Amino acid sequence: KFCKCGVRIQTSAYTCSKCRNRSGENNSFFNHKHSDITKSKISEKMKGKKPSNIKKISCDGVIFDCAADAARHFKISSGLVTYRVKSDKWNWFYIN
């Protein structure tokens, strides 16, 4: 049997693995909901990590891995970090 893309697939295969739509309603887990257990599991394994979208910062010399560390260190809200980094009154900038 031949697949819509042209390659030969098993008579039972609805499409080659390469043509298989897995987006939206086509995903095998589409419209499903996760249990409180699964949620809890995921939760535990994500604890301790840092997202890829952090920004190294330098507080007039003292550098941190992310704004949150800068905030937790100075003991301020994360929004105030943003404020200062933009204020001309502070020497706070995000590192390359």
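In this text, residue numbers run from 1 along the sequence as written.
Selected stretch [higher average CA B-factor]: 19 to 27 or 69 to 77: Mean CA B-factor is higher for 19 to 27.
Comparing 78 to 86 with 5 to 13, the one whose average Cα B-factor in the PDB entry is higher: So the stretch with the higher mean C-alpha B-factor is 5 to 13.
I54 by Cα B-factor - lowest, middle or highest third of the modelled chain: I54: CA B-factor falls in the middle third of its chain.
Chain third (lowest, middle, highest) by recorded CA B-factor, residue given as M46: It belongs to the middle third of the chain when residues are ordered by C-alpha B-factor.
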